């Protein structure tokens, strides 16, 4: 089939929900380390300093196991975001790569927080038809 294309994810719904999948791309998953499980459309210039521009497809490996300093896809009360991880105990900080955005601070005690996957790369094609 190929790598699914997850666009904007409705609140509550899982990422790979059938009505979020706007295509399947024939990219060799193992070109990414670890494997690309899906491609998520980046929305925002929250990450532009490292080259994750709006409309980019992020290559994501589906895991909850991510270490600090890594770019993660996260959910904060149904807000699928792409930031860098700095967790200190119950203090999870989702840092952006842009001087116009301020960090997201999450207290695991208060907010519901899920790591959806690891950023393993970027595919930037446009519209191809």
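Positions refer to the first chain, counted from 1.
Q: For the higher mean C-alpha B factor in the entry, choose 8-16 or 116-124.
A: Looking at the record's C-alpha B-factors, the answer is 8-16.
Q: Take the C-alpha B-factors listed in the entry for 50-58 and for 100-108, compute each mean, and give the stretch with the larger one.
A: Higher mean C-alpha B-factor in the PDB entry: 100-108.
Q: Could you say which of 31, 92, 39, 82 has its CA atom at the highest B factor, as listed in the PDB entry?
A: That would be 92, according to the entry.
Q: Compare the C-alpha B factor of residue 64 with those of the other modelled residues in its chain, then answer lowest, middle or highest third.
A: Middle third by C-alpha B-factor.
Q: Among the modelled residues of this chain, does the Cα B factor of residue 74 put it in the lowest, middle or highest third?
A: Middle third.
Q: Grab the CA temperature factor for residue 35 from the record and place it in the lowest, middle or highest third of its chain.
A: Residue 35: CA B-factor falls in the lowest third of its chain.
Q: Quick check on the deposited entry: does the C-alpha B-factor of residue 26 sit in the lowest, middle or highest third of its chain?
A: Lowest third of the chain for residue 26's C-alpha B-factor.
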